[PDB]
>>> print(open('final_9.pdb').read())   # PDB, N, CA and C atoms and all ligand atoms
ATOM      1  N   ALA B   1      36.895  26.887   0.666
ATOM      2  CA  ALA B   1      37.956  27.857   0.273
ATOM      3  C   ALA B   1      37.407  28.807  -0.793
ATOM      4  N   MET B   2      38.172  29.794  -1.174
ATOM      5  CA  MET B   2      37.692  30.752  -2.208
ATOM      6  C   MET B   2      37.819  30.115  -3.594
ATOM      7  N   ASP B   3      36.778  29.483  -4.064
ATOM      8  CA  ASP B   3      36.840  28.841  -5.408
ATOM      9  C   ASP B   3      36.506  29.875  -6.486
ATOM     10  N   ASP B   4      37.077  31.044  -6.398
ATOM     11  CA  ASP B   4      36.792  32.090  -7.420
ATOM     12  C   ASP B   4      38.097  32.773  -7.829
ATOM     13  N   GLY B   5      38.884  32.124  -8.644
ATOM     14  CA  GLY B   5      40.171  32.735  -9.081
ATOM     15  C   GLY B   5      40.549  32.192 -10.460
ATOM     16  N   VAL B   6      41.780  31.792 -10.632
ATOM     17  CA  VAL B   6      42.208  31.250 -11.952
ATOM     18  C   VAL B   6      42.153  29.722 -11.915
ATOM     19  N   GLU B   7      41.117  29.141 -12.456
ATOM     20  CA  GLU B   7      41.009  27.655 -12.447
ATOM     21  C   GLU B   7      41.609  27.072 -13.725
ATOM     22  N   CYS B   8      42.388  26.037 -13.583
ATOM     23  CA  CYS B   8      43.013  25.385 -14.764
ATOM     24  C   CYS B   8      41.935  24.625 -15.537
ATOM     25  N   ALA B   9      41.605  25.073 -16.715
ATOM     26  CA  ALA B   9      40.556  24.373 -17.505
ATOM     27  C   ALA B   9      41.051  22.979 -17.893
ATOM     28  N   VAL B  10      42.301  22.689 -17.653
ATOM     29  CA  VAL B  10      42.834  21.349 -18.026
ATOM     30  C   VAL B  10      42.865  20.419 -16.807
ATOM     31  N   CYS B  11      43.684  20.702 -15.821
ATOM     32  CA  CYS B  11      43.729  19.794 -14.639
ATOM     33  C   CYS B  11      42.784  20.304 -13.543
ATOM     34  N   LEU B  12      42.346  21.530 -13.643
ATOM     35  CA  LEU B  12      41.426  22.080 -12.604
ATOM     36  C   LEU B  12      42.120  22.037 -11.243
ATOM     37  N   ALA B  13      43.386  22.345 -11.206
ATOM     38  CA  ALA B  13      44.122  22.325  -9.912
ATOM     39  C   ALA B  13      44.403  23.761  -9.466
ATOM     40  N   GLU B  14      44.013  24.108  -8.271
ATOM     41  CA  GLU B  14      44.259  25.494  -7.785
ATOM     42  C   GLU B  14      45.705  25.891  -8.092
ATOM     43  N   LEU B  15      45.892  26.875  -8.929
ATOM     44  CA  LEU B  15      47.276  27.309  -9.272
ATOM     45  C   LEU B  15      48.009  27.732  -7.997
ATOM     46  N   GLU B  16      48.937  26.935  -7.543
ATOM     47  CA  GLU B  16      49.686  27.291  -6.306
ATOM     48  C   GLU B  16      51.148  27.574  -6.657
ATOM     49  N   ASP B  17      51.920  28.027  -5.706
ATOM     50  CA  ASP B  17      53.354  28.323  -5.986
ATOM     51  C   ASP B  17      54.115  27.015  -6.203
ATOM     52  N   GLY B  18      55.115  27.032  -7.043
ATOM     53  CA  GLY B  18      55.898  25.789  -7.297
ATOM     54  C   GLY B  18      55.657  25.315  -8.729
ATOM     55  N   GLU B  19      54.666  25.854  -9.386
ATOM     56  CA  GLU B  19      54.382  25.430 -10.786
ATOM     57  C   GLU B  19      54.710  26.577 -11.746
ATOM     58  N   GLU B  20      54.571  26.349 -13.023
ATOM     59  CA  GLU B  20      54.873  27.423 -14.011
ATOM     60  C   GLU B  20      53.623  27.711 -14.843
ATOM     61  N   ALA B  21      52.639  28.338 -14.260
ATOM     62  CA  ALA B  21      51.396  28.638 -15.022
ATOM     63  C   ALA B  21      51.692  29.691 -16.090
ATOM     64  N   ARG B  22      51.116  29.545 -17.251
ATOM     65  CA  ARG B  22      51.366  30.527 -18.340
ATOM     66  C   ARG B  22      50.084  31.320 -18.628
ATOM     67  N   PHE B  23      50.146  32.622 -18.520
ATOM     68  CA  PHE B  23      48.942  33.462 -18.794
ATOM     69  C   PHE B  23      49.041  34.018 -20.220
ATOM     70  N   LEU B  24      47.933  34.197 -20.897
ATOM     71  CA  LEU B  24      48.006  34.733 -22.290
ATOM     72  C   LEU B  24      47.710  36.238 -22.286
ATOM     73  N   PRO B  25      48.153  36.904 -23.325
ATOM     74  CA  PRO B  25      47.982  38.363 -23.474
ATOM     75  C   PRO B  25      46.566  38.733 -23.941
ATOM     76  N   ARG B  26      46.022  38.024 -24.892
ATOM     77  CA  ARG B  26      44.657  38.376 -25.381
ATOM     78  C   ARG B  26      43.687  38.475 -24.210
ATOM     79  N   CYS B  27      43.740  37.524 -23.330
ATOM     80  CA  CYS B  27      42.778  37.504 -22.194
ATOM     81  C   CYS B  27      43.494  37.544 -20.842
ATOM     82  N   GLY B  28      44.455  36.689 -20.635
ATOM     83  CA  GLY B  28      45.150  36.665 -19.325
ATOM     84  C   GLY B  28      44.775  35.375 -18.587
ATOM     85  N   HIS B  29      43.951  34.543 -19.184
ATOM     86  CA  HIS B  29      43.573  33.269 -18.503
ATOM     87  C   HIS B  29      44.869  32.557 -18.117
ATOM     88  N   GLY B  30      45.079  32.310 -16.857
ATOM     89  CA  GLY B  30      46.344  31.643 -16.446
ATOM     90  C   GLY B  30      46.150  30.129 -16.349
ATOM     91  N   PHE B  31      46.991  29.388 -17.012
ATOM     92  CA  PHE B  31      46.902  27.902 -16.975
ATOM     93  C   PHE B  31      48.244  27.366 -16.493
ATOM     94  N   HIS B  32      48.451  26.087 -16.558
ATOM     95  CA  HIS B  32      49.746  25.525 -16.086
ATOM     96  C   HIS B  32      50.729  25.439 -17.243
ATOM     97  N   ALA B  33      51.997  25.370 -16.962
ATOM     98  CA  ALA B  33      52.973  25.242 -18.070
ATOM     99  C   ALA B  33      52.878  23.807 -18.583
ATOM    100  N   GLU B  34      52.500  22.908 -17.711
ATOM    101  CA  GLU B  34      52.361  21.478 -18.102
ATOM    102  C   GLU B  34      50.985  21.239 -18.734
ATOM    103  N   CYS B  35      49.920  21.638 -18.078
ATOM    104  CA  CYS B  35      48.569  21.414 -18.668
ATOM    105  C   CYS B  35      48.429  22.253 -19.933
ATOM    106  N   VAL B  36      48.918  23.457 -19.909
ATOM    107  CA  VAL B  36      48.804  24.323 -21.119
ATOM    108  C   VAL B  36      49.588  23.695 -22.280
ATOM    109  N   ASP B  37      50.598  22.922 -21.984
ATOM    110  CA  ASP B  37      51.394  22.279 -23.072
ATOM    111  C   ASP B  37      50.635  21.062 -23.602
ATOM    112  N   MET B  38      50.167  20.216 -22.726
ATOM    113  CA  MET B  38      49.409  19.020 -23.177
ATOM    114  C   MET B  38      48.110  19.484 -23.833
ATOM    115  N   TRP B  39      47.664  20.662 -23.491
ATOM    116  CA  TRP B  39      46.409  21.190 -24.090
ATOM    117  C   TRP B  39      46.702  21.697 -25.490
ATOM    118  N   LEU B  40      47.938  21.981 -25.776
ATOM    119  CA  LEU B  40      48.271  22.483 -27.118
ATOM    120  C   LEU B  40      48.116  21.335 -28.099
ATOM    121  N   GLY B  41      49.040  20.409 -28.063
ATOM    122  CA  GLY B  41      48.994  19.207 -28.965
ATOM    123  C   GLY B  41      48.193  19.504 -30.241
ATOM    124  N   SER B  42      48.288  20.715 -30.749
ATOM    125  CA  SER B  42      47.535  21.120 -31.982
ATOM    126  C   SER B  42      47.035  22.558 -31.801
ATOM    127  N   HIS B  43      46.187  22.786 -30.827
ATOM    128  CA  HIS B  43      45.659  24.162 -30.602
ATOM    129  C   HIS B  43      46.758  25.041 -30.002
ATOM    130  N   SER B  44      47.234  25.997 -30.752
ATOM    131  CA  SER B  44      48.286  26.909 -30.224
ATOM    132  C   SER B  44      47.596  28.151 -29.676
ATOM    133  N   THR B  45      46.590  27.954 -28.868
ATOM    134  CA  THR B  45      45.836  29.107 -28.316
ATOM    135  C   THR B  45      45.422  28.831 -26.869
ATOM    136  N   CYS B  46      44.692  29.745 -26.301
ATOM    137  CA  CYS B  46      44.218  29.611 -24.895
ATOM    138  C   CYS B  46      43.163  28.493 -24.832
ATOM    139  N   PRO B  47      43.272  27.639 -23.840
ATOM    140  CA  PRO B  47      42.348  26.499 -23.677
ATOM    141  C   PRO B  47      40.976  26.894 -23.159
ATOM    142  N   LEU B  48      40.847  27.985 -22.474
ATOM    143  CA  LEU B  48      39.502  28.293 -21.944
ATOM    144  C   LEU B  48      38.714  29.182 -22.904
ATOM    145  N   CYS B  49      39.335  30.153 -23.506
ATOM    146  CA  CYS B  49      38.577  31.016 -24.446
ATOM    147  C   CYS B  49      39.000  30.687 -25.887
ATOM    148  N   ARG B  50      40.293  30.555 -26.124
ATOM    149  CA  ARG B  50      40.838  30.209 -27.480
ATOM    150  C   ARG B  50      41.385  31.462 -28.140
ATOM    151  N   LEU B  51      41.953  32.322 -27.348
ATOM    152  CA  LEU B  51      42.555  33.556 -27.881
ATOM    153  C   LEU B  51      44.031  33.269 -28.179
ATOM    154  N   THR B  52      44.357  32.977 -29.409
ATOM    155  CA  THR B  52      45.779  32.672 -29.751
ATOM    156  C   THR B  52      46.715  33.643 -29.035
ATOM    157  N   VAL B  53      47.930  33.236 -28.815
ATOM    158  CA  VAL B  53      48.898  34.130 -28.121
ATOM    159  C   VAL B  53      49.826  34.778 -29.152
ATOM    160  N   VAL B  54      50.051  34.122 -30.257
ATOM    161  CA  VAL B  54      50.941  34.697 -31.298
ATOM    162  C   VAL B  54      50.171  35.739 -32.110
ATOM    163  N   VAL B  55      50.851  36.727 -32.625
ATOM    164  CA  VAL B  55      50.154  37.774 -33.426
ATOM    165  C   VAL B  55      50.442  37.554 -34.912
TER     166      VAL B  55
HETATM  167 ZN    ZN Q   1      46.683  22.508 -14.556
HETATM  168 ZN    ZN Q   2      41.824  32.941 -22.677
END
>>> encode(input="final_9.pdb", output="structure tokens")
Amino acid sequence: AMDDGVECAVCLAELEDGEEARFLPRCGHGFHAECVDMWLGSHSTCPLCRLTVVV
């Protein structure tokens, strides 16, 4: 398949319809609403690059 798109740096699951992926403004890296939340647990920023979302 086309393994060249938005990969979840947390669960690494092809972002498909039915989930709530959250993309950030600094970069746009799209992650899951669930993985992006468990990935926070302290880091309030993007999990792949680390571009905080709050200004
Ligand atoms: Zn995920
Ligand atoms: Zn990012």
>>> resolve_selection(input="final_9.pdb", expression="the PyMOL selection byres (((chain B and resi 25-40) around 7) and not hetatm)", output="VMD selection string")
chain B and resid 6 to 11 19 to 24 41 to 45 47 51 to 53
>>> atom_distance(input="final_9.pdb", atom1="atom C of residue 46 (chain B)", atom2="CA of residue 12 (chain B)")
13.9 Å
>>> axis_aligned_box(input="final_9.pdb", around="region 36-51 of chain B", padding_each_side="5 Å", output="AutoDock Vina command-line options")
--center_x 45.0 --center_y 26.3 --center_z -25.9 --size_x 22.8 --size_y 24.5 --size_z 22.1
>>> select_by_dssp(input="final_9.pdb", residues="chain B", states="helix (DSSP H, G or I)", output="PyMOL selection string")
chain B and resi 35-38
>>> select_by_dssp(input="final_9.pdb", residues="chain B", states="strand (DSSP E)", output="number ranges by chain")
B: 22-23, 30-31
>>> atom_distance(input="final_9.pdb", atom1="CA of residue 13 (chain B)", atom2="CA of residue 55 (chain B)")
28.8 Å
>>> closest_residue(input="final_9.pdb", among="B:15, B:54, B:2, B:48", to="ligand ZN 2 (chain Q)", atoms="only N, CA and C atoms and all ligand atoms")
B:48
>>> atom_distance(input="final_9.pdb", atom1="CA of residue 49 (chain B)", atom2="atom C of residue 1 (chain B)")
23.8 Å
>>> decode(input="final_9.pdb", residues="chain B", atoms="C-alpha atoms", output="compact mmCIF listing (two decimals), in the first residue's frame")
# COMPACT_ATOMS: atom_id res chain seq x y z
CA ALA B 1 0.00 0.00 0.00
CA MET B 2 1.10 3.66 -0.12
CA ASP B 3 3.14 3.87 3.11
CA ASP B 4 3.85 7.57 2.50
CA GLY B 5 1.33 9.78 4.33
CA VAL B 6 0.55 10.76 7.94
CA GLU B 7 1.94 7.99 10.18
CA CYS B 8 1.02 8.02 13.88
CA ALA B 9 4.34 8.31 15.72
CA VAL B 10 2.51 6.75 18.69
CA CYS B 11 0.45 3.74 17.51
CA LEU B 12 1.76 3.83 13.91
CA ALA B 13 -1.75 3.02 12.66
CA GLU B 14 -2.76 4.26 9.19
CA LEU B 15 -5.04 7.20 10.05
CA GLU B 16 -8.39 5.97 8.67
CA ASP B 17 -11.93 7.38 8.92
CA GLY B 18 -13.74 6.72 12.23
CA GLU B 19 -11.01 8.17 14.49
CA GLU B 20 -10.31 11.73 15.70
CA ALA B 21 -6.74 12.51 14.60
CA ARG B 22 -5.52 15.93 15.78
CA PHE B 23 -3.18 17.96 13.52
CA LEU B 24 -1.03 20.81 14.95
CA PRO B 25 -0.66 24.33 13.51
CA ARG B 26 3.14 24.74 13.85
CA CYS B 27 3.70 21.78 11.54
CA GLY B 28 0.45 19.95 10.73
CA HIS B 29 1.69 16.48 11.79
CA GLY B 30 -1.60 14.60 12.18
CA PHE B 31 -1.83 12.12 15.08
CA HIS B 32 -4.73 10.36 16.80
CA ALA B 33 -6.97 12.00 19.39
CA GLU B 34 -6.30 8.96 21.59
CA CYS B 35 -2.57 8.42 20.87
CA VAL B 36 -1.94 12.18 20.87
CA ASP B 37 -3.56 12.30 24.35
CA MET B 38 -1.59 9.39 25.85
CA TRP B 39 1.47 10.97 24.23
CA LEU B 40 0.85 14.16 26.16
CA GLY B 41 0.96 12.85 29.76
CA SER B 42 3.39 15.80 30.27
CA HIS B 43 4.53 16.95 26.80
CA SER B 44 1.88 19.44 25.62
CA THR B 45 3.38 19.50 22.12
CA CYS B 46 3.59 17.53 18.86
CA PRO B 47 4.94 13.98 19.36
CA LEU B 48 6.88 13.75 16.12
CA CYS B 49 8.61 17.14 15.92
CA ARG B 50 7.67 18.79 19.30
CA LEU B 51 6.15 22.00 18.01
CA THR B 52 3.88 23.11 20.90
CA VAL B 53 0.34 23.96 19.78
CA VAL B 54 -0.38 26.71 22.32
CA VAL B 55 1.07 30.19 21.68
